[PDB]
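Remarks on the structure that follows.
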Amino acid sequence: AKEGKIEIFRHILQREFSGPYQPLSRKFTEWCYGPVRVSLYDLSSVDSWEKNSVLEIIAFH
Amino acid sequence: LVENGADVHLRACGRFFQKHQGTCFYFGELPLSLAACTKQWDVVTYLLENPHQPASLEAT
């Protein structure tokens, strides 16, 4: 996030995998119904109760 | 399901408060409309003609 590399930043932000490697993921599809694709994202990039978060780094540093 | 089961005129979202539905996918709140919207030609063909519970195409 800090160095400006976006291509790997996006992939790390949306990492799903399948099979035995489920825990190595940050985006879990909950259920799918037609075009609707409700999913759950992981938050290691939230400012709340987390000093030096990704949001601050993108915004300020 | 159709052979010995529920009627076809069964509203999907139903209820009286339209702003509360289980999913934001609006298809018509009917099995026939759901089959038509999803390009299930065989399913709609079966639904229109079946000697257990015909589905009225003008159902509101």
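Just so we're on the same page: first chain in the structure tokens is A, next is B, and so on; residues restart at 1 for each chain, and ligands are numbered from 1 in the order they show up.
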Distance table requested - chain B against chain A, cut-off 8 Å, only C-alpha atoms: one row per qualifying residue with the closest atom pair and its distance in Å to one decimal, ordered by chain and rising residue number, as JSON lines.
{"residue": "B:23", "atom": "CA", "partner": "A:36", "partner_atom": "CA", "distance": 7.7}
{"residue": "B:24", "atom": "CA", "partner": "A:36", "partner_atom": "CA", "distance": 7.5}
{"residue": "B:25", "atom": "CA", "partner": "A:36", "partner_atom": "CA", "distance": 6.7}
All alpha helix (DSSP H) positions in chain A, as a PyMOL selection string = chain A and resi 7-13+54-59
Residue subset to file, keeping C-alpha atoms, as a CSV table (one decimal), in the first residue's frame:
chain,number,residue,atom,x,y,z
A,7,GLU,CA,-1.4,-5.2,-8.7
A,8,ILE,CA,-0.2,-7.3,-5.8
A,9,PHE,CA,-2.1,-5.1,-3.3
A,10,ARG,CA,-5.4,-5.9,-5.0
A,11,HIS,CA,-4.7,-9.6,-5.1
A,12,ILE,CA,-3.7,-9.7,-1.4
A,13,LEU,CA,-6.9,-7.8,-0.7
A,54,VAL,CA,-3.9,0.7,5.5
A,55,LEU,CA,-6.4,3.5,5.2
A,56,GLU,CA,-4.1,6.0,6.9
A,57,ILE,CA,-1.1,4.8,4.9
A,58,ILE,CA,-2.9,5.3,1.6
A,59,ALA,CA,-4.4,8.6,2.8
Residue neighbourhood residue A:44, 12 Å, only C-alpha atoms, exclusion window fewer than 3 positions, as a PyMOL selection string | chain A and resi 12-13+26-27+41+47-55
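Excluding residue B:43 itself and any same-chain residue fewer than 6 positions from it, the protein and nucleic acid residues within 9 Å of it, counting only C-alpha atoms, are residues 32, 35 and 36 of chain B.
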What gap, in Å, lies between atom CA of residue B:6 and atom CA of residue B:33?
->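 Separation of atom CA of residue B:6 and atom CA of residue B:33: 16.2 Å.
Counting from atom CA of residue B:2, the distance to atom CA of residue B:53 is 7.4 Å.
Atom pair atom CA of residue B:3 / atom CA of residue B:51: separated by 8.8 Å.
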Excluding residue B:8 and residues on its chain fewer than 5 positions from it, collect all residues at most 12 Å away from it, counting only C-alpha atoms, and give them as a PyMOL selection string.
-> chain B and resi 1-3+29-35+44+46-48+50+52-57+59
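Nearest residue to residue B:60 among B:37, B:12, B:21, B:28 is B:28, counting only C-alpha atoms.
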DSSP strand (DSSP E) residues within chain A, listed as JSON, numbers by chain | {"A": [27, 28, 29, 39, 40, 41]}
Quick one: write out the picked residues with C-alpha atoms as a tab-separated table (two decimals), in the first residue's frame?
chain	number	residue	atom	x	y	z
A	27	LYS	CA	-12.68	-13.18	0.98
A	28	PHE	CA	-15.29	-15.84	1.80
A	29	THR	CA	-18.32	-16.25	-0.43
A	39	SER	CA	-19.54	-12.21	0.34
A	40	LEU	CA	-17.53	-11.46	3.47
A	41	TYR	CA	-14.24	-9.56	3.43
